Structures are given as structure tokens and as C-alpha cells.
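Asks: Before anything else, here's the structure in question.
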Amino acid sequence: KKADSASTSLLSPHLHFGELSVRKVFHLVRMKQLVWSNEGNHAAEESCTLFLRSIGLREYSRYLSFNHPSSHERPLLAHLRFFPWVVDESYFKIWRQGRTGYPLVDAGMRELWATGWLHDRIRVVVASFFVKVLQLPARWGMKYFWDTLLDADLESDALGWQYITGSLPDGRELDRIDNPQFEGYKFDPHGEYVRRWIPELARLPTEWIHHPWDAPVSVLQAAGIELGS
Amino acid sequence: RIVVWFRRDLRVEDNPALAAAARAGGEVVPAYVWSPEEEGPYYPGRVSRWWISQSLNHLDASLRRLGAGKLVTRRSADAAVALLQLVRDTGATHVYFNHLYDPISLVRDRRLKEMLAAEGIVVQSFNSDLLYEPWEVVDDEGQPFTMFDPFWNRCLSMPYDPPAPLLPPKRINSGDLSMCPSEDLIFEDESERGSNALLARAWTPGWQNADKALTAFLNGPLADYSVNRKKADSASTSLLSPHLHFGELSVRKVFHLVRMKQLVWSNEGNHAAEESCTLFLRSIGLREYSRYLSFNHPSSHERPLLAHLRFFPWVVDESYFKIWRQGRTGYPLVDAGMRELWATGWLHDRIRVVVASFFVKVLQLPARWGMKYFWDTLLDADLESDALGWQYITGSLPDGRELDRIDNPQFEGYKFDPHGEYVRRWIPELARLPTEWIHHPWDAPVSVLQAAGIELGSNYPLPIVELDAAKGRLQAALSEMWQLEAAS
Amino acid sequence: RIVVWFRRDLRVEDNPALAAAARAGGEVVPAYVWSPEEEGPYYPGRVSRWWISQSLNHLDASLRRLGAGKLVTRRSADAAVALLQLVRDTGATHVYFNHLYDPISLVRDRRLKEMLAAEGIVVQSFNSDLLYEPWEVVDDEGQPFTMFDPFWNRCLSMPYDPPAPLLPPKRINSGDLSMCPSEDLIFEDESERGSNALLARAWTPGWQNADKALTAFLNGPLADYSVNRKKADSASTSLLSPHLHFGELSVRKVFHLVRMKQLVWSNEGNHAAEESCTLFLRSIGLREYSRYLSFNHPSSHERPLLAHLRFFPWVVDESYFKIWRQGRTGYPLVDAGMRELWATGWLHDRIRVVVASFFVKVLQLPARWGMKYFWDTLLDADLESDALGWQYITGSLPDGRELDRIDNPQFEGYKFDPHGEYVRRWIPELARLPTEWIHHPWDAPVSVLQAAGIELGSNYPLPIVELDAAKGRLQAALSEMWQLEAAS
Ligand SMILES: Cc1cc2nc3c(=O)[nH]c(=O)nc-3n(C[C@H](O)[C@H](O)[C@H](O)COP(=O)(O)OP(=O)(O)OC[C@H]3O[C@@H](n4cnc5c(N)ncnc54)[C@H](O)[C@@H]3O)c2cc1C
Ligand SMILES: Cc1cc2nc3c(=O)[nH]c(=O)nc-3n(C[C@H](O)[C@H](O)[C@H](O)COP(=O)(O)OP(=O)(O)OC[C@H]3O[C@@H](n4cnc5c(N)ncnc54)[C@H](O)[C@@H]3O)c2cc1C
Ligand SMILES: Cc1cc2nc3c(=O)[nH]c(=O)nc-3n(C[C@H](O)[C@H](O)[C@H](O)COP(=O)(O)OP(=O)(O)OC[C@H]3O[C@@H](n4cnc5c(N)ncnc54)[C@H](O)[C@@H]3O)c2cc1C
């Protein structure tokens with residue numbers, strides 16, 4: 001879940017274009033598990049269980065688009081039909097540029113533009129922020145993702161946006177906003193993800209690095225931060 | 001329910017019998033039956049008996065982690081009588097195993113199928129030793145091959161790739177084994193247990209260690225196998241020899257992984273490395289051909305193994321045999337390899353011929369004698385592959401080596417040991433002997449021998465038999481036999 | 001203007017003669033004269049000569065890269081004669097050298113001072129080999145110490161530290177030495193060149209390689225020296241002794257570098273590594289004590305080296321000496337070391353103790369005989385250090401090892417080779433012989449020796465002298481010595 005180290009496989013663009021077998025990955029990972037199990041490496045053995053689950057989420061993305069496709073009788077985000085979206089091109093511009101003022105969001109929006117890739121949980125953060133705080137049409141953000149992601153994948157993108165907006169019963173609650181400290185402690189506990197992509201805040205302590213607006217002026221002056229300039 | 005009879009398939013990955021039993025959804029009782037009496041003249045060797053007992057504890061441990069209660073062991077002179085007795089004690093319904101191809105098991109297994117069928121037992125056997133079954137690769141008129149090259153190039157152009165390796169069972173369940181008993185097997189005599197344990201200096205038996213050894217070769221010396229496979233002065237070959245004999249590592253997995261290594265190197269412009277896997281798979285195929293020859297052309301009485309020298313005048317000299325055993329022959333490369341064989345239960349292929357070519361073409365003792373020594377002191381003591389290897393050096397088949405001919409030791413040395421570092425390592429007595437003479441010290445000037453502190457006869461032995469006196473003896477023994485040949 | 005005379009300081013860092021010649025302003029003529037006939041019995045032996053031939057070539061290039069024409073190589077039977085031909089030929093004002101401490105050099109080198117000061121040459125000598133000069137360290141009455149512990153305790157408590165290693169010259173100015181000729185030195189018999197060159201398998205002589213071996217030991221096995229220094233089955237020691245014998249490395253740099261490693265380890269809580277440095281410096285101090293002994297209590301005629309063993313009736317037996325050199329004694333730890341001494345020119349200090357103790361305690365051959373062999377086979381053959389070692393193992397020192405006593409080979413084996421892997425590396429014949437008997441095969445039951453494939457007397461020798469015979473003959477030889485000693 002951490003975005004402050006290279007914790008994941010970085011295989012998603014390779015897998016989107018089919019440059020790698022998922023049946024090889026399955027088979028190779030199942031062999032690593034058998035060996036680790038014989039070595040007493042119980043935490044590594046569960047690592048394989050959980051990583052295959054992530055491979056299975058890609059399986060479920062295809063399983064969803066085949067068995068319950070987008071229709072007209074009920075579309076993608078059908079539960080948010082009468083949702084009155086904020087229409088505000090200015091807000092969409094600030095979001096793309098990572099100038100929202102929420103450091104975990106800005107840090108990810110800067111990395112998405114610079115490398116074409118985002119850790120799955122930073123995807124959750126930037127997209128949740130998009131439809132929960134700015135509350136802009138999810139279509140808008142779905143399209144930007146399509147132009148900036150190297151692994152832009154039809155079924156997987158649909159599943160992700162469906163997950164973060166709560167169209168799935170599996171999905172994330174609708175009537176709810178994440179506290180940015182909840183996001184920060186789970187995906188960036190030492191703030192090193194924010195500091196890598198927003199060097200401006202390097203000297204801002206971990207205690208406020210994910211919600212600078214709450215810091216006292218003295219603490220923001222010590223960090224050399226003037227909120228607004 | 002199902003009983004998985006392990007024999008020479010001591011592994012969990014790509015074990016079709018075990019995989020098929022686990023997938024049936026019932027219970028899986030793994031077991032090993034120790035019945036060496038059924039192999040007669042091929043009773044397992046001394047150091048092979050040590051490896052097995054190491055491997056079984058290794059396999060038992062890995063089976064229990066998968067959920068098995070234990071590995072069940074039974075001791076009886078007849079496999080079937082023990083296998084039947086087991087499923088009686090367990091109330092089992094099936095007996096799965098992987099079929100072998102040596103002339104002993106082909107007949108013993110076949111009788112077990114019928115014997116167990118009669119008693120009401122569902123029995124099925126699976127392939128786990130070979131890329132392709134022998135009765136799949138035939139010439140274009142549908143008849144078995146008789147030379148290695150046409151066989152292997154047909155295996156390499158076979159219409160379907162060899163089956164990719166199966167996955168190990170995620171879990172196996174066997175139920176209650178507290179009444180199901182296992183009698184401790186005895187693989188070692190008490191007076192040899194200590195001397196046996198030192199084999200662990202060089203080998204750790206077990207499927208896990210087979211896996212690690214394969215990974216090590218693939219990331220290491222495999223790229224340089226094309227230019228160095230003949231060298232013995234370094235770890236140039238895979239050292240997967242005893243693992244593959246006990247089925248601790250799937251040859252089909254070796255094949256698939258190497259073939260895919262070939263593809264990446266080809267795409268990387270690494271032609272030498274690409275060429276290297278070609279030859280390494282050929283070495284795998286020689287093990288295929290080992291079972292081919294034993295399935296199609298087995299040998300008992302009309303052409304038993306080394307029938308062509310039925311009429312050879314063997315030097316029956318137990319003194320010379322002992323001097324060959326102790327590596328006291330005065331031929332370094334022969335003595336070096338003979339030490340390592342006793343030390344680590346293993347020898348490089350080319351050294352396997354040096355000490356063997358020497359045993360039958362220089363000392364000219366019964367080839368059946370040095371065969372029984374290899375059987376007792378090789379960890380990878382393999383019925384079919386030992387058969388092939390001797391047939392090769394004696395010239396018993398058209399692929400083999402030229403008969404009236406003896407390798408000059410400097411030829412051997414230059415191909416297998418350019419800097420003499422192999423025998424300097426195993427014969428530190430010769431460490432100061434310059435490389436030029438290191439493989440033939442008896443032709444060195446006394447001034448050089450003493451400068452190296454060598455004194456032939458006291459420091460390092462004199463050549464027990466001279467080469468001239470041996471090729472001479474070779475003619476006198478071969479035409480005496482061809483004279484005996486055309487006389488019957 | 002200034003001659004720099006090299007002898008056993010074949011380095012360019014912390015070399016006070018060369019570093020003061022360069023800082024005088026004028027030119028510097030660096031030279032080495034090969035005057036072995038002056039060394040009497042201590043004429044450099046076979047393999048020590050092979051080291052100098054490489055070390056000098058290696059020091060030549062070093063000097064030439066620093067702005068020199070060459071290292072002038074002179075030949076003579078008298079060093080002064082050749083040295084003052086050179087002061088003339090090359091016309092210099094001064095002659096600089098770093099002074100040695102052996103009994104030969106101590107008085108040969110004061111004959112050079114006067115000989116050269118009579119033809120108007122100014123001479124200066126510097127310290128290049130010791131942390132402290134022998135006269136600099138004394139007891140409370142101003143007297144030399146007689147045991148090692150009080151002496152080394154004093155150096156460790158001296159009022160000043162060992163001088164920091166000097167830098168090498170920025171470059172040296174030699175002038176035109178296109179005039180000055182150098183005598184092609186001969187260090188190797190033609191007959192021995194081919195076996196002498198195999199010493200490079202294990203060693204590379206030279207100022208540059210001494211420096212790489214030190215930082216290899218400092219960043220490697222120095223941290224475990226406290227617990228592993230006695231074992232010969234791993235590379236537990238620095239392997240710096242030949243480098244230090246020829247002065248290719250500063251001991252003042254080693255002292256200073258090791259004292260810095262200790263300060264860091266102490267700040268890291270690494271208490272076992274901190275004691276490792278304490279103990280390794282002690283080993284550097286044993287080299288200091290070797291010079292301190294040869295300077296303060298030299299070999300005299302009133303009392304020689306092994307003076308306590310004057311009336312000792314030695315076994316005179318050239319046959320026994322031949323078996324000892326060849327490592328066929330039948331004692332595996334001894335044979336293993338005698339094989340490695342011949343093959344590499346080096347022995348771990350405790351294997352030196354074993355092979356030399358065996359020489360004067362079991363075979364009881366004249367210690368002179370073994371002292372001479374050591375001189376011809378050791379790359380680090382060092383006058384004072386060899387004297388100290390033989391004096392230690394024979395019990396001429398009060399510090400030394402007990403006289404009326406023989407080590408049980410299992411005591412030696414468990415301390416220096418607990419798993420027998422030293423014996424098995426150098427005697428592969430015994431690879432399959434268990435650790436429990438590998439250091440005393442004669443005690444094993446026949447079954448255990450047959451399991452190990454050992455026939456004592458054919459495969460590996462019998463004990464040339466049995467321990468109980470050796471101890472009985474030792475008490476009979478000492479009583480013979482002690483009844484004789486009182487008769488005077
Ligand atoms: C709003 C949103 C949009 C997304 N858009 C995409 C997209 O366009 N393309 C895409 O491939 N994934 C998408 N995902 C899923 C997930 O973010 C990525 O699969 C993951 O970040 C890729 O990094 P990785 O390769 O290191 O994954 P790892 O953790 O290393 O996982 C290994 C592989 O499993 C697959 N995988 C992992 N998680 C998921 C998941 N939730 N759904 C589907 N497959 C998964 C991928 O193929 C991935 O390469 C999206 C998720 C969200 C919440
Ligand atoms: C006289 C003689 C006796 C032999 N006895 C045996 C024996 O008992 N058991 C045995 O497995 N091999 C035997 N061989 C074959 C060969 O010597 C060994 O297979 C090989 O040296 C083992 O080293 P390796 O595993 O590193 O070989 P590699 O170079 O790594 O070869 C890969 C694998 O291919 C197989 N293989 C390679 N060469 C041969 C070959 N010539 N014949 C059969 N299989 C081969 C082995 O399974 C080997 O592990 C014998 C050869 C000779 C000449
Ligand atoms: C019978 C006998 C003969 C010996 N002959 C020699 C000889 O010819 N030359 C020689 O240099 N040493 C000699 N020694 C001392 C000792 O054996 C060697 O110094 C040591 O084995 C060298 O290995 P090393 O460099 O790894 O030592 P380390 O343990 O790494 O010690 C570092 C350095 O300390 C010095 N040193 C260590 N132990 C001693 C010691 N006991 N006496 C003097 N200096 C020591 C050496 O310069 C050595 O290189 C002899 C000892 C004995 C018992």
C-alpha cells in the first residue's frame with residue numbers, strides 16, 4: 001500500500017499490452033510460494049497470496065465487462081445519474097497541474113504527468129479527491145487518465161472508477177470523504193512521497209505534511225511555507 | 001483414497017502422479033517402498049543409498065508442509081506385496097505412480113498393474129522422467145532410431161513441444177495416519193555412516209537444492225557452456241546430475257527454462273550464449289536417449305551389455321584394480337579424477353571417460369569390474385545412463401569411440417585441463433610440476449622432477465602400466481578376439 | 001648526490017632513506033646490491049630469491065614512474081666494494097639506507113659506515129622496520145626485557161606513538177644514469193625456473209600487492225581475528241608476512257591503520273572486533289620482539305641459539321628427513337602442512353608450530369636440519385623471526401613451549417583444524433575419513449578405515465614414528481642430556 005518505496009511490480013503497462021503472460025506470472029509466483037513455504041518464510045508466502053489477488057483484480061475487470069457490460073438500460077456510473085456535479089473547468093485545470101493544495105494529491109498529479117504511472121493507492125487518492133472534494137464529472141477525470149496513463153486499460157480503468165465512486169457493491173462508500181491524514185499514514189507514513197514530488201515542502205514536518213492548512217503559522221514559517229505563494 | 005508411490009520422482013513440482021492424486025479431490029497418502037531385492041544385479045550403490053535417505057527426509061518434510069501427515073515407508077522384497085498391504089491398512093482406492101523405463105522396472109511395474117488390478121485397485125502411471133515418451137519419437141517408417149544424432153534432431157523437430165511443467169498441489173490431505181505405520185528403512189551400514197556423511201561436503205540432496213542448483217547454472221556457467229563444457233578445471237557443467245537421476249528436478253522444466261533463455265539471448269545479440277543452450281539441451285537429450293535405448297533395445301542374453309567383447313582376454317588382476325581404485329596409477333589426470341570420485345561421489349563427464357578409457361584400454365581389466373565400482377561410488381548412479389556411458393567408451397555401438405586406440409594423456413589434458421590446475425588441486429603433490437609435464441611426469445627430465453620436488457616411485461607413483469606396452473597388448477588382445485570372432 | 005641503498009625495504013611509502021634523499025634537494029640514485037656471499041649460512045634460499053626477482057622488477061617500475069632512470073642493480077661478494085664503486089661510478093656525496101637488526105647486518109653495516117666514511121662519504125641510516133627502536137624500549141633499571149609480555153606491554157605504554165608513515169616523494173630526481181650500468185642479477189637456477197614460477201598461483205610479490213593485501217585483511221577477516229586466528233582451515237590471517245619480511249609494507253602504517261579501525265569498532269559496540277585489533281597488533285609486536293631479541297641478546301659463542309639442547313642426542317636419519325619434507329609422515333595435520341609449504345611457500349603460524357614441533361619431538365632430528373629447509377621453502381624466510389619461532393617451539397625461551405612434552409595430534413587438530421577441512425584440502429586421499437580420526441588414523445578400527453577407503457601403508461602411510469615410542473625416546477634423550485649437563 002505504500003507509495004514511498006517501489007513496493008509493487010511496475011508491470012501494469014506491460015500487462016495491458018500483453019507483453020507479459022499472466023499465466024507465466026501465476027505459475028512463477030506459485031513456485032516462489034512453494035519454496036518460501038518450505039523455508040518458513042510465512043510473510044513472503046502471504047505476499048504471493050496477496051499479489052495473485054491483484055492479478056485476479058485484473059481478471060475481474062474482464063469478468064465484469066463481459067458478464068455485466070455497460071448498457072443503456074443502466075450505464076457505468078448509473079448510481080450517480082442525478083448527482084449534481086460541479087462543472088468548473090478552473091478546478092479541473094488545478095487538479096491536472098497538481099496545484100490543489102492537498103500535498104498527497106498534488107504529489108501524485110505531478111508524478112502522473114512526469115512518468116505516466118501512479119501507484120494504485122495514489123490513483124485512489126487523486127480520483128477520490130476528484131469526485132469527493134472537487135466533485136467534478138467523473139467522466140472528465142476518466143478521460144484525463146486515458147491520455148496520461150501508460151497502462152490505460154479499458155476494463156481496469158472502468159473498474160477503478162466504479163470502485164472509487166461506489167457503483168460496485170464491493171466498492172468504496174459514496175457518502176464519505178477520506179481524511180487526508182488517513183490517506184497519508186497508509187500510503188506515505190513518513191511523508192517521503194510528498195517530499196520527493198513536491199520539494200517545496202521538504203522542510204515541512206510529517207505531522208502536517210498532508211494537511212498544511214492546519215499547521216500554525218510558526219510551524220509553516222519554520223518550514224518556509226507561505227500558504228498562497 | 002489415493003496412494004502416491006514415490007520411486008525416482010522425489011519432488012513435488014511437475015509430479016503428475018501427485019498432481020493427479022491431489023486434483024481428484026480425495027485424500028493423498030504418499031509412500032515409498034524400499035524393495036532393492038527386485039533390482040538384482042542393480043541393487044542401489046553405497047553412495048546412492050545415502051543420497052536416497054537424505055532425499056526422503058527432505059521430501060517427507062516438504063510433504064508435511066503441504067498438509068500430509070507423513071511419508072509412509074514400507075520394507076518388503078516385493079513392491080506389490082507392500083503396495084497392496086499399504087492400501088489394505090489405509091483402505092485406499094487408487095495407487096498412482098510415475099513409470100520408469102529401465103528393463104527392471106518396466107517388467108516389475110507392469111506386473112504390479114496386473115497384480116493390483118486383480119485385487120481391485122485402480123492404478124494409473126504417468127510420465128515424469130522424459131521430454132517425450134520413447135514410443136513417440138520414431139523414424140519416418142515408424143521404427144526406433146539407432147544413432148543419437150537422428151533421434152535428437154527428431155525430438156527437436158517433434159510436432160508438439162514437451163509438456164510444460166505442472167504446478168505443485170496447493171495442499172494435500174491424507175487423513176488419519178496414526179494406525180498406518182512405517183517401518184524405518186536402513187540405507188547405510190553402521191560402520192560406513194560416518195564416511196558417508198562427508199558426502200555432504202559437496203552435495204545437499206533434495207528437490208529444493210535441485211531447484212537452487214538449476215537457478216545457479218542458468219544464471220551462471222550456462223552462457224559459457226559452449227566453450228567450456230569439456231573443461232574440468234572449473235565448475236563448467238550444471239552439477240544437476242544426481243538430482244535428475246532421483247527425479248528431484250523436472251527435465252521438462254529444465255527444457256522450458258533453457259529454451260526461453262535461448263530466446264532472450266538470441267534477442268540480445270549473445271550468439272555464443274544462444275549456441276550454448278543448444279549444446280546443453282543436447283546433453284539433456286543424451287539422458288533421453290539413455291531411456292530410448294533401454295526401452296527399444298534392452299539387453300539381457302543374446303546381446304547383453306558389452307556383448308561384442310564377450311571374447312575379450314581381460315586382465316584378471318585384482319592388484320591393478322585396487323591401484324586404479326586408490327588413484328595410485330601414476331597417470332595424474334586418472335589419479336586426480338579417481339580421488340574426486342571417492343571424495344565427492346561425482347565426476348565431470350570427460351573425466352568419467354578418462355578414468356574409464358584408462359580402465360579398459362590401458363590396464364585392460366574386466367569392464368564389468370569398473371562398472372560395479374562406478375555403481376558403488378557415483379551419487380548419480382543411473383542404470384540407463386551408466387549403460388550408455390560405458391557403451392560409448394568401449395565402442396560397443398556406432399556412435400561410440402574408436403576401439404584400437406588409446407588417448408595420449410596430453411591430448412586429454414589439453415582438452416580437459418589446459419593449465420593442469422585440475423590435478424594440482426586433487427594431487428597437491430604435483431603442485432610444483434610445470435604444466436608441460438603435469439599430465440605425463442614419467443617423460444620429464446630428472447632435473448625437472450627434482451626441481452618440483454617429485455621423485456617417481458616414492459613421492460608420486462611410477463606409471464603402473466606403460467602406454468607402449470598397452471597398445472601393444474591392445475593389438476594382441478583385439479586380433480586374438482577377432483580371430484575368436486570369425487571362428488564361430 | 002645521494003645514493004639510496006635498498007635491502008629489505010622494497011617499498012616507496014614510509015621509507016625514510018628515500019624520503020629524506022628526495023627532500024635534501026639534490027639528486028637521488030636508488031640502487032640495490034646483491035651480496036649474498038656476505039650472508040654466510042643465511043644466504044637467501046630458493047623461493048625467497050624468486051620473490052626478490054619479482055619484487056625488484058616491481059620496485060623498478062615504481063621508481064621509474066616517480067622520475068628515475070632505473071634502480072641500479074650491482075653484484076658483488078662485498079657490499080662496500082660494490083657500494084663505493086657506485087658512489088664513484090655515479091659520483092655521489094652521500095649514501096642513505098635504512099638499518100636492519102639481524103646479527104649479520106648489524107656488523108656488516110657498521111663496517112660499511114667506516115669503509116665509506118674513509119673515502120669521504122657521509123652516511124645516514126634510518127628506521128624502516130620497527131615501531132620502536134630496540135634500545136628505545138627497556139625496563140625500569142634500563143635493561144632489556146627477557147620475555148615478550150613485559151616488552152610488548154612497554155611498547156603499548158611508550159610515552160609517544162610509533163611515528164606516522166611518511167608520504168612517498170612527490171617525485172625523485174636521478175639525473176642521467178644512462179652512463180651507470182646495472183648488473184643483470186641471477187636469482188634462479190635455469191633448472192628451477194619452471195617450478196619457481198608456479199609460486200605465482202598463490203602470491204604476487206610487490207609494494208603494490210602488499211598494500212592490497214592489507215586493506216583486504218583490514219576490511220575482511222580482521223574483525224574475526226580474535227576468534228579465528230588459530231584456525232588453518234580458513235584464511236584467518238593477513239597473509240602479509242612475505243610482504244613485511246621484504247619491507248614492502250610499513251608496519252607503522254599497519255599499526256596506525258589498525259588503531260583507527262579499533263577506534264571505529266569501539267564506537268560501534270563491536271567488542272569482539274575491538275579485541276581482534278588488540279590481538280593482531282600483538283602479532284605485529286612478535287615481529288618487533290624478534291628484532292629486539294637479535295639485537296639485545298644475540299647469538300654468541302659463549303651461548304648459541306639452541307644452547308639448552310647442546311647435549312641433546314638427536315636422531316640423525318636422512319630417511320626421516322626425506323619423509324618429513326615429502327609430507328609422508330603418516331600424521332595428517334603434519335603431512336597436510338608439509339604439502340602446502342612445498343606448493344605455495346607459506347604456512348599458517350600454527351601449522352608451522354605443528355610441523356616443526358613434530359620435527360624435534362617425534363622424529364627428534366637436529367633442529368638445524370629443519371631450520372635450513374624452512375629457509376629454502378618459505379617466501380617470508382626471515383632471520384630473526386625464524387630464530388624466534390624455532391627458539392619458541394624448542395623451549396630455549398623462558399616464554400617458550402615446554403621441552404619435556406609432546407602434543408597429542410588431536411589437541412593440535414581441534415585447535416587449528418576442528419572439522420578436518422585443512423587435512424582434506426591438502427590430502428584428498430583422506431577426504432572420506434571422519435573428523436573423529438582424521439588427525440590420528442592409526443587409532444581407527446579397520447572397519448572405519450575400510451569405510452573411508454584407507455589402507456594404512458598403501459593408500460596413506462603408517463605413522464613413521466609412533467607417539468609412545470616418541471615419548472619414550474624423548475625422556476631417554478633428555479635424561480641423557482641432563483646427566484650430561486651436570487657432568488659439566
Ligand atoms: C481510478 C483507478 C484507475 C485505474 N486505472 C487503471 C488502468 O488504466 N490500468 C491498469 O492496469 N490498472 C488501473 N487501475 C488499477 C491499479 O491502480 C493498477 O493496476 C496498479 O496501480 C498498477 O501498478 P502495478 O503494476 O505496480 O500493480 P501491482 O500491485 O504490481 O499488481 C500487479 C498487476 O495486477 C494488476 N492489478 C493490480 N491491481 C489491479 C486493480 N485494482 N484492477 C485491475 N488490475 C489490477 C495489474 O495488471 C498490475 O500490473 C486503476 C485503479 C483505480 C482506482
Ligand atoms: C562411463 C560413464 C558413466 C556415466 N554414468 C552416469 C551415471 O551413472 N549417471 C548419469 O546421470 N550420467 C552418467 N554419465 C553421463 C555424464 O558423465 C554425466 O551425466 C555428467 O557428467 C554429469 O554432470 P552434469 O550433471 O554437470 O552434466 P551436464 O553437462 O550439466 O548435463 C546436464 C544433464 O544431462 C545429462 N547428461 C549429460 N551428459 C550425459 C551423457 N553423456 N549421458 C547421459 N546423460 C547425460 C545428465 O542428467 C546431466 O545432469 C556417464 C558417462 C560416462 C562416460
Ligand atoms: C618454527 C617457526 C618459524 C617461523 N618462521 C617465520 C619466518 O621465516 N618468517 C616470518 O615472518 N614468520 C615466521 N614465523 C612466525 C609466524 O609463523 C608467521 O609470522 C606467520 O605465520 C605469518 O602469517 P601471517 O602473515 O598471516 O601472520 P598474521 O597472523 O597475519 O600476523 C601479521 C604479521 O605479524 C608478524 N608475525 C605474526 N606472528 C609472528 C611471530 N610469531 N613472530 C614474528 N612475527 C610474527 C608477521 O610479520 C605477520 O605477517 C615462524 C614461526 C614458527 C613457530
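Each chain in the C-alpha cells gets a letter, A, B and so on, in the order shown; residues start at 1 in every chain, and ligands are counted from 1 in the order they appear.
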Tell me, as a ChimeraX atom specification, which residues lie within 10 Å of residue 2 of chain A, counting only C-alpha atoms; anything in the same chain fewer than 5 positions away does not count.
Replies: /A:7-8,119-122,184-189,193
Asks: Given the selection you just returned, output its residues as a file containing C-alpha atoms, formatted as a PDB file, in the first residue's frame.
Replies:
```pdb
ATOM      1  CA  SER A   7       6.631  -1.686  -3.402  1.00  0.00           C
ATOM      2  CA  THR A   8       4.789  -3.076  -6.428  1.00  0.00           C
ATOM      3  CA  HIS A 119       0.738   3.665  -7.508  1.00  0.00           C
ATOM      4  CA  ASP A 120      -2.748   2.186  -7.192  1.00  0.00           C
ATOM      5  CA  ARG A 121      -3.453   3.970  -3.903  1.00  0.00           C
ATOM      6  CA  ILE A 122      -2.363   7.342  -5.274  1.00  0.00           C
ATOM      7  CA  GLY A 184      -1.128   9.870   4.282  1.00  0.00           C
ATOM      8  CA  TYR A 185      -0.492   7.397   7.085  1.00  0.00           C
ATOM      9  CA  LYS A 186      -1.437   4.398   4.925  1.00  0.00           C
ATOM     10  CA  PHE A 187       0.372   5.241   1.665  1.00  0.00           C
ATOM     11  CA  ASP A 188       3.053   7.727   2.817  1.00  0.00           C
ATOM     12  CA  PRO A 189       3.652   7.435   6.591  1.00  0.00           C
ATOM     13  CA  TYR A 193       6.292  10.527  -1.219  1.00  0.00           C
TER      14      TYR A 193
END
```
Asks: Write out as an MDAnalysis selection string every residue belonging to chain C that has an atom at most 8 Å from any atom of chain B, counting only C-alpha atoms.
Replies: chainID C and resid 191:192 194:196 198:199 326 339:340 342:343 426:429 431:434 447:448 451:453 459
Asks: Now that the selection is made, can you save its residues with C-alpha atoms as a CSV table (one decimal), in the first residue's frame?
Replies:
```
chain,number,residue,atom,x,y,z
C,191,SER,CA,66.6,-25.9,-13.8
C,192,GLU,CA,64.2,-24.4,-11.2
C,194,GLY,CA,59.7,-23.6,-14.3
C,195,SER,CA,58.6,-24.7,-10.8
C,196,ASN,CA,59.5,-21.4,-9.2
C,198,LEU,CA,54.2,-21.8,-10.1
C,199,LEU,CA,54.6,-19.9,-6.8
C,326,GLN,CA,57.6,-35.0,1.4
C,339,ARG,CA,52.4,-30.4,1.2
C,340,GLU,CA,51.2,-26.8,1.4
C,342,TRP,CA,56.1,-27.0,-0.8
C,343,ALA,CA,53.3,-25.9,-3.0
C,426,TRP,CA,45.7,-30.9,1.2
C,427,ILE,CA,45.4,-34.7,1.5
C,428,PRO,CA,42.3,-35.6,-0.7
C,429,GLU,CA,43.1,-39.3,-0.1
C,431,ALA,CA,38.5,-36.9,2.3
C,432,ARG,CA,36.1,-39.7,3.3
C,433,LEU,CA,37.8,-40.3,6.7
C,434,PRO,CA,35.6,-38.9,9.5
C,447,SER,CA,36.0,-51.2,9.6
C,448,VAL,CA,36.1,-47.4,9.9
C,451,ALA,CA,34.7,-47.5,5.1
C,452,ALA,CA,36.9,-44.4,4.4
C,453,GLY,CA,38.7,-46.4,1.7
C,459,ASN,CA,46.8,-45.6,0.4
```
Asks: Rounded to one decimal, what separation in Å do you get between atom CA of residue 441 of chain C and atom CA of residue 414 of chain C?
Replies: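 These two atoms are separated by 14.7 Å.
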Asks: Return as a ChimeraX atom specification the residues belonging to chain A that are within 10 Å of chain B, counting only C-alpha atoms.
Replies: /A:27-28,30-31,33-35,37-40
Asks: Taking only C-alpha atoms and all ligand atoms into account, which residues are within 7 Å of ligand 3, as a PyMOL selection string?
Replies: chain C and resi 229+237-242+244-245+280+283-284+286-287+290+347-350+352-353+356+375+378+380-383+385-386+388-390+392-393
Asks: Just want the 12 Å neighbourhood of residue 222 of chain C, counted on only C-alpha atoms, with same-chain residues fewer than 4 positions away dropped. Output as number ranges by chain.
Replies: C: 213-218, 226-229, 235-239, 254, 257-258, 261-262, 265, 272-281
Asks: Using only C-alpha atoms and all ligand atoms, which residues have at least one atom no more than 7 Å from ligand 1? Output them as an NGL selection string.
Replies: :A and (8-13 or 15-16 or 51 or 54-55 or 57-58 or 61 or 118-121 or 123-124 or 127 or 146 or 149 or 151-154 or 156-157 or 159-161 or 163-164)
